[PDB]
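Note sheet for the following structure.
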Amino acid sequence: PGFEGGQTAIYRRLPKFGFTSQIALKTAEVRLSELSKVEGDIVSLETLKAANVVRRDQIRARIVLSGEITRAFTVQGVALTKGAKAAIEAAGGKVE
Amino acid sequence: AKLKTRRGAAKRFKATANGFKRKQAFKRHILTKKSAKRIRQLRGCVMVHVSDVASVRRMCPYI
Amino acid sequence: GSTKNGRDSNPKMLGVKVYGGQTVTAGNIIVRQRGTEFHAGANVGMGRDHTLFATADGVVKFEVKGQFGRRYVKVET
Amino acid sequence: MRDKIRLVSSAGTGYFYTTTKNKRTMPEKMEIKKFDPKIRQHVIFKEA
RNA sequence: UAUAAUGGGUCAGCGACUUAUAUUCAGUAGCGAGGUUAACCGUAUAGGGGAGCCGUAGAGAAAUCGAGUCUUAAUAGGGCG
RNA sequence: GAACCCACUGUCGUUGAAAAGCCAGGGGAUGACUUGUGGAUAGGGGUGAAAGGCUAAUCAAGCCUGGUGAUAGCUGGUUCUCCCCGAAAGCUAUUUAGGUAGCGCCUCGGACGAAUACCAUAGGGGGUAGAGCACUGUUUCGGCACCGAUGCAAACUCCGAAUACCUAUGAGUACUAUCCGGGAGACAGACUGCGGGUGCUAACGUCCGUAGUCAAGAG
RNA sequence: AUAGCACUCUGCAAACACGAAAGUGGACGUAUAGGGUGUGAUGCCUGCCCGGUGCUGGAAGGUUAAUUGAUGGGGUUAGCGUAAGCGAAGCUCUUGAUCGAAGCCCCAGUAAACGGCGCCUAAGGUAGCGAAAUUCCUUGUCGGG
RNA sequence: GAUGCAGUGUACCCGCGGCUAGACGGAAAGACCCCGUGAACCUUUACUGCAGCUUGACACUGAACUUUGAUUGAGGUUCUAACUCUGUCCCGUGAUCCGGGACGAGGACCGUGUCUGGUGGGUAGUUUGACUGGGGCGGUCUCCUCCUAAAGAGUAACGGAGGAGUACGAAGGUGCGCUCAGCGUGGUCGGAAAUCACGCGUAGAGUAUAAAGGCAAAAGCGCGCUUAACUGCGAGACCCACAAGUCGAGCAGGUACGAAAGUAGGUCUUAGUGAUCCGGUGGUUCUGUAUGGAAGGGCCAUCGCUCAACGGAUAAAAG
């Protein structure tokens with residue numbers, strides 16, 4: 001596969017570009033709706049790992065507006081975007 | 001066994017929502033004679049062609 | 001012996017792309033010409049390689065006009 | 001043959017253009033006014 | 001190709017698209033914004049085991065941001081969503 | 001010149017008596033002679049009065065086993081039945097030319113719904129057939145480099161069709177047209193008619209465009 | 001292949017060959033002997049060229065391998081200063097001053113070394129032979145049979 | 001190149017002896033020829049490595065005297081203790097090996113290990129292109145223009161005929177301004193042919209370069225000022241298997257020319273060219289492996305050798 005009769009292949013006649021980032025492999029992305037899986041009102045890296053929404057080897061996580069929530073959630077140690085923070089405050093939770 | 005990636009093609013292709021993005025060639029060393037519009041337009045990233053997406057998928061089973 | 005011939009250049013695909021009576025949008029190319037067989041009329045621009053394109057939305061029309069009899073192509077809004 | 005030469009901005013921004021010259025017809029260095037995007041102002045570019 | 005192109009003297013028996021793993025698509029079945037366990041334990045096709053994988057969000061080389069994001073001086077325009 | 005050693009000519013034999021012989025002739029025959037028993041030299045090595053000769057009927061690198069089921073764009077073969085649809089021998093690239101990859105052509109599933117085709121009407125560009133000498137070139141006969149008659153041209157044109165191509169509208173007859181995806185095969189073509197190059201206005205010759213048939217189709 | 005002839009190497013723990021070494025043959029020999037190379041009884045003989053390659057001797061005028069290590073630039077680190085973004089010891093990254101033989105360059109000899117023998121070169125065939133195992137035209141021409 | 005097809009001629013059924021005209025008779029997947037990015041062996045001033053030989057530095061490796069160069073370097077003469085003896089004698093010993101002891105001849109040499117320059121067909125792995133009216137020799141391989149090409153595009157042959165691998169800081173931008181060339185008459189050494197006056201017809205001149213398509217708002221020619229030969233883009237279309245290629249109104253920022261509308265993102269256009277990997281230079285609100293840095297990497301701009309067999313087997317290769 002990838003051999004096209006002798007002429008320079010597509011994957012070799014185009015240039016290499018980019019470098020890999022290590023911190024991206026440890027950063028975690030979390031949906032707002034996924035917080036419903038967390039037992040209790042505390043949102044943290046430990047509680048997320050306990051709920052199995054973040055892998056045990058990640059060091060930091062972020063929450064993005066993707067779905068909806070109904071319970072109040074006090075968020076600690078997790079990065080919150082503008083929409084996610086607005087949704088949490090509307091639901092009645094607090095940050096830090 | 002487990003399928004193996006073609007690392008050379010992985011280093012040239014990257015994953016998007018509905019396809020693959022690449023850069024453009026003809027911009028490494030010989031550049032003085034090239035015109036300004038050529039220099040600008042060949043800059044940036046474009047999309048992989050449909051006739052080549054199948055080969056790219058075969059070469060990159062996971063990304 | 002041998003032959004001193006057997007050289008030719010690749011094709012260039014010249015010609016009239018849009019014919020009279022058709023509808024075009026601004027930017028459409030009308031004539032691909034090595035020289036000015038046709039000259040630019042109202043709402044028609046000339047490129048650096050003598051190409052003719054439409055600078056407005058309308059309908060193409062060919063005419064013969066002028067003292068020299070130059071062939072003109074224009075776009076009616 | 002015509003040599004390839006680099007014109008550098010006088011402002012010191014590091015910006016440079018490239019061109020070609022014929023030594024016999026232009027033995028000396030070449031200076032010309034051009035636009036410098038780094039400062040958004042026309043300045044004098046001098047041959048390297 | 002009747003070819004004067006190849007193969008077969010005849011009969012009986014044997015003789016060629018498989019198996020393991022990974023991945024994509026199709027059909028069908030369970031569950032369903034969720035789905036599913038591996039090694040292993042287990043008087044063992046049961047039951048336990050949630051580490052892990054896939055989906056749920058993109059943009060960017062990256063930092064980073066996020067229903068937006070990259071380029072730019074530009075809340076212009078344009079690319080990808 | 002016998003024994004012994006050898007192998008120059010010819011006949012027969014060639015599924016032989018014989019996987020190298022017989023018959024009739026022939027050379028050496030005290031020598032660098034012939035021969036018995038035992039021993040030494042082992043494979044990129046041994047030995048060779050040197051022919052690449054010999055090394056167990058095997059030698060431009062012995063034989064046996066193992067790597068081992070070596071690789072083979074090559075040749076060959078591939079086993080029961082019925083129904084539907086149905087190609088190609090082209091372009092581009094190639095350490096390529098009898099291989100392969102993308103596109104073109106086949107089939108199956110999903111979205112889609114005339115946006116498709118034939119014909120009629122309306123609009124549009126051309127530089128071919130033909131013709132011509134106004135440019136370029138070339139040709140003959142005449143009168144003072146010019147002029148009057150006169151002929152020719154793939155790379156000449158003052159001219160110039162029929163066809164073909166593009167767009168829009170419309171009746172009728174036709175499940176057409178486009179997009180996404182699963183699976184391919186194929187990239188050695190042949191003849192005939194029309195327009196041509198090449199050849200000798202030769203070839204069941206060769207190379208192109210265009211249409212029919214064979215290929216894959218009997219009567 | 002051969003007797004004969006010539007060139008060249010070897011002073012003995014010889015040259016040379018085999019082997020991984022130990023060692024073995026050469027040889028229980030000692031230049032009149034051993035190894036390699038060419039020619040090939042015998043008679044008459046064996047011409048010219050050292051330009052090219054090789055071999056032999058000398059020169060030491062030029063080049064640099066390891067090694068060596070002068071200097072040059074840079075990273076970090078200390079100490080002053082409201083303020084200048086100043087800036088060292090040590091550690092450490094890199095640079096290559098100089099030293100350095102052979103080979104190569106250069107000079108001379110060597111052809112019974114490999115080789116060459118038409119205005120030009122190293123020089124353009126001495127004897128002897130010649131339609132000759134060498135002659136295309138060629139069944140060249142004359143004599144004999 | 002027919003026992004088996006068409007037409008036609010001849011021919012009752014079956015042996016034995018003999019013969020070789022045919023059954024493209026039997027025998028051996030043609031050895032001649034061509035192909036496969038097949039094999040083997042041989043050659044060399046094909047490519048690349050190694051054994052062997054050869055040079056030097058360090059180590060094994062010491063001492064006493066001597067002369068000369070910048071505490072230190074290089075030579076020369078001696079000595080014995082490291083070390084050599086396929087030299088004599090003694091013993092193990094009944095022994096041409098070996099080991100130890102005595103003597104003799106040498107001796108810091110020779111020789112061995114590590115590193116390093118040269119030589120190296122002795123040996124080893126390999127390479128030595130394609131097209132082609134069979135192959136070889138010859139010629140060609142990329143780009144541009146005209147014909148073949150059958151009035152849209154495209155279209156082949158070892159078909160016909162020519163060019164390219166550049167040039168230019170003005171030969172670019174802009175304001176203003178001007179038309180060529182050949183002919184007929186008179187004049188200085190100037191006439192076929194020099195500079196200059198007028199007149200008739202007429203684009204037949206020129207446009208850096210080959211040809212075609214063009215050129216009066218001349219795209220041809222001259223002068224003054226200048227650097228738009230710009231930065232960030234870009235609606236829309238042409239061409240195309242891909243990689244690639246081409247035209248472009250308009251928006252924002254600085255600029256030159258012009259009183260102004262306005263023109264200018266190089267040159268009348270179509271050839272003047274090379275992908276990817278590696279490496280160099282300048283900048284970078286990126287990254288930078290415990291932390292602060294740095295090194296290294298990413299990004300923007302740009303540079304270099306080769307790939308002309310010109311989509312470029314590994315920048316190394318013949319018979």
Side-chain angles (χ1 to χ4, degrees), chain A residues 3-8 10 12-19 21-24 29 31 33-34 52 55-56 62 64-67 81-83, chain B residues 1-3 14 16-18 21 25-26 28-33 36-37 39-40 43-47 49 51-52 55 57 61-62, chain C residues 1-29 32-37 45 47-51 53-55 60-62 68, chain D residues 2 4 6 8 13-19 21-22 25-26 30 32-38 40-42:
Chain A
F3 176 78
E4 65 183 1
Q7 79 168 5
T8 311
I10 185 66
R12 294 179 66 188
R13 67 185 182 254
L14 301 168
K16 293 195 305 191
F17 79 109
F19 79 98
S21 173
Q22 307 291 326
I23 193 66
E29 180 191 277
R31 275 83 171 179
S33 66
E34 290 178 353
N52 283 134
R55 217 165 58 182
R56 288 180 161 204
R62 307 174 53 67
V64 174
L65 205 76
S66 199
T81 72
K82 299 298 293 295
Chain B
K2 270 206 277 201
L3 293 177
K14 292 195 131 161
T16 76
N18 306 138
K21 59 173 169 177
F26 283 94
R28 278 289 212 252
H29 49 106
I30 291 165
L31 304 174
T32 287
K33 77 179 66 166
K37 192 210 266 195
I39 298 275
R40 292 188 296 272
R43 195 182 310 128
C45 281
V46 303
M47 287 319 271
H49 198 263
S51 305
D52 291 331
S55 192
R57 293 181 184 271
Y62 304 91
Chain C
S2 55
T3 178
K4 64 182 181 293
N5 310 316
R7 297 172 300 286
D8 210 343
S9 54
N10 298 320
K12 296 274 173 301
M13 283 73 74
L14 295 183
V16 177
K17 310 296 173 179
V18 179
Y19 288 95
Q22 291 189 216
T23 65
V24 302
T25 187
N28 283 0
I29 286 179
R32 282 286 211 183
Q33 60 189 357
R34 184 64 53 223
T36 61
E37 293 83 3
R48 68 168 298 278
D49 82 329
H50 313 292
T51 306
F53 56 95
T55 62
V60 176
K61 182 175 174 66
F62 287 83
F68 298 162
Chain D
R2 289 175 63 92
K4 264 184 278 182
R6 216 176 91 159
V8 176
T13 65
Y15 205 72
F16 68 86
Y17 290 80
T18 61
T19 186
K21 81 177 318 293
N22 177 254
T25 63
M26 296 205 85
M30 182 179 72
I32 62 170
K33 300 179 54 179
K34 297 180 74 64
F35 176 79
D36 189 340
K38 291 180 177 179
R40 298 177 82 151
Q41 199 174 348
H42 279 89

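Convention: sequence-line order gives letters A, B, ...; per-chain numbering from 1.
- Stacking of the bases of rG98(F) and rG99(F) is not indicated, since the six-membered rings fail the criterion of centres under 5.5 Å apart and planes under 30° apart.
- A Watson-Crick or G-U wobble pair does not link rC33(H) to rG38(H) when both relevant atom distances must lie under 3.5 Å.
- Relative to the side chain of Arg43(B), the nucleotides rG123(F), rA216(H), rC300(H) differ in distance, and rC300(H) lies closest.
- A gap of 34 Å separates the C1' atoms of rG282(H) and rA290(H), to the nearest Å.
- More than 90° away from 0 lies the glycosidic angle of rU136(F), which makes this nucleotide anti.
- Proximity note for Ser9(C) (side chain, C-beta onward) versus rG125(F), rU145(H), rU100(F): the nearest is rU145(H).
- The residue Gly15(C) sits apart from the nucleic acid: no heavy atom pair falls under 4.0 Å.
- At a threshold of 4.0 angstrom between heavy atoms, the contacts of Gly18(A) are confined to the sugar-phosphate backbone, with no base atom among them.
- If you check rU56(E), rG124(F), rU227(H) against the side chain of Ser66(A), the one that comes closest is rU56(E).
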Handout entry: Under 4.0 Å protein heavy-atom contacts per nucleotide of nucleotides 73-81 of chain E, with B for base, S for backbone only and - for none
Key = B-------S
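- You'll find the side chain of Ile10(A) stays beyond 4.5 Å of the side chain of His49(B), heavy atoms only.
- Residue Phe17(A) has its side chain nearest to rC299(H) when only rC247(H), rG304(H), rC299(H) are considered.
- Between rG125(F), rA63(E), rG52(E), one nucleotide has an atom nearer to the side chain of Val16(C) than all others, and that is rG125(F).
- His42(D) comes within 4.0 angstrom of a nucleotide base, judged by non-hydrogen atoms across all strands.
- Taking every side-chain heavy atom of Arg7(C) into account, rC144(H) is the closest of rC53(E), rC144(H), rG125(F).
- Contact of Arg57(B) with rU24(E) (side chain to base): no donor-acceptor pair of N or O atoms is detected under 3.5 Å.
- Summary of the strand contacts: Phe3(A) and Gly6(A) both lie near RNA chain F, and taking for each the nucleotide with the nearest heavy atom, the more 5' one is attributed to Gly6(A).
- Here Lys34(D) does not reach the OP1 or OP2 of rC230(H): none of its side-chain N or O atoms lies under 4.0 Å away.
- For the neighbouring bases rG199(F) and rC200(F), no stacking contact is recorded, as ring-centre distance under 5.5 Å and ring-plane angle under 30° do not both hold.
- Among the heavy atoms of the strands lying under 4.0 Å from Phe16(D) is at least one base atom, whether or not backbone atoms are also near.
- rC107(G) and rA113(G) have their P atoms separated by 27 Å, with the value rounded to a whole Å.
- Closest contact between the side chain of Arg31(A) and the listed nucleotides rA301(H), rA57(E), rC53(E) involves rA57(E).
- Across all strands, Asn5(C) comes closer than 4.0 Å to base atoms (heavy-atom distances).
- The side chain of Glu34(A) lies closest to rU56(E) when the candidates are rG232(H), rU255(H), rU56(E).
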Handout entry: Sequence-aligned protein contact record of nucleotides 270-276 of chain H, with B where the base is within under 4.0 Å of a protein heavy atom and S where only the sugar-phosphate is
Key = S--SSSS
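- Among the protein residues, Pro61(B) comes within range of no part of the nucleic acid, since none of its heavy atoms lies under 4.0 Å from any strand.
- With both hydrogen-bonding distances under 3.5 Å required, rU20(H) and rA228(H) do not qualify as a Watson-Crick or G-U wobble pair.
- Glycosidic conformation at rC93(G) (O4'-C1'-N9-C4 for purines, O4'-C1'-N1-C2 for pyrimidines): anti, more than 90° from 0.
- Base engagement by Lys37(B) is indicated by at least one non-hydrogen atom pair under 4.0 Å involving a base atom.
- Across the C1' atoms, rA56(F) and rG43(F) are found 15 Å apart, a figure rounded to whole Å.
- Base orientation of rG189(F): anti (glycosidic angle beyond 90° from 0).
- With a cut-off of 3.5 Å on both Watson-Crick or G-U wobble distances, the partner of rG15(H) is given as none.
- Between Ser21(A) and the phosphate of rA63(E), there is a side-chain N or O to OP1/OP2 separation shorter than 4.0 Å.
- Within the nucleic acid shown, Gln33(C) has no heavy atom closer than 4.0 Å to any nucleic acid atom.
- For the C1' atoms, the distance linking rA261(H) with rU270(H) amounts to 35 Å, nearest Å.
- For the pair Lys21(D) (side chain) and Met26(D) (backbone), a donor-acceptor distance under 3.5 Å is present.
- When the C1' atom is compared between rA211(H) and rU145(H), the two are found 5 Å apart, to the nearest whole Å.
- No Watson-Crick or G-U wobble pair joins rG36(F) and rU173(F) with the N1-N3 or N1-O2 distance and the second distance both under 3.5 Å.
- Within 4.0 Å (heavy atoms only), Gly27(C) reaches at least one base atom of the nucleic acid.
- Contacts of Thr19(D) with the nucleic acid, taken as non-hydrogen atoms under 4.0 Å apart, include base atoms.
- Look at the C1' atom in both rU64(G) and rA57(H): the space between them is 15 Å, to the nearest Å.
- Between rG138(H) and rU54(H), the distance separating the two P atoms is 48 Å to the nearest Å.
- Distances were taken from every side-chain heavy atom of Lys4(C) (C-beta onward) to each of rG282(H), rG52(E), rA161(H); the shortest belongs to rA161(H).
- Residue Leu65(A) is classed as a base contact, given a heavy-atom separation below 4.0 Å to a base.
- Residue contacts shown for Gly6(C) are absent, as no nucleic acid heavy atom lies under 4.0 Å away.
- A Watson-Crick or G-U wobble pair links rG103(G) with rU63(G), both defining distances under 3.5 Å.
- Backbone-only contact: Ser51(B) has heavy atoms under 4.0 Å from sugar-phosphate atoms and none from a base.
- With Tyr15(D) as the aromatic partner, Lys34(D) does not meet the cation-pi criteria of under 6.0 angstrom to the ring centre and within 45 degrees of the ring axis.
- For the neighbouring bases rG58(E) and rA59(E), a stacking contact is recorded, both ring-centre distance under 5.5 Å and ring-plane angle under 30° holding.
- Between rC54(F) and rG73(F), neither a Watson-Crick nor a G-U wobble pair is formed under the 3.5 Å criterion for both distances.
- Between the side chain of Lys21(B) and the backbone N or O of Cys45(B) there is no donor-acceptor pair closer than 3.5 Å.
- Nucleotide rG50(E) is shown with a syn base, its glycosidic torsion being within 90° of 0.
- For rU112(H) and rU24(G), the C1' atoms lie 23 Å apart once the distance is rounded to whole Å.
- Nucleic acid contact class of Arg62(A) (heavy atoms, under 4.0 Å, all strands): base.
- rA7(F) has its base anti relative to the sugar, with a glycosidic angle deviating from 0 by more than 90°.
- Out of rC146(H), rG154(H), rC247(H), the shortest distance to the side chain of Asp8(C) is found at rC146(H).
- Taken together, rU112(H) and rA59(H) constitute a Watson-Crick or G-U wobble pair, since both relevant N/O distances lie under 3.5 Å.
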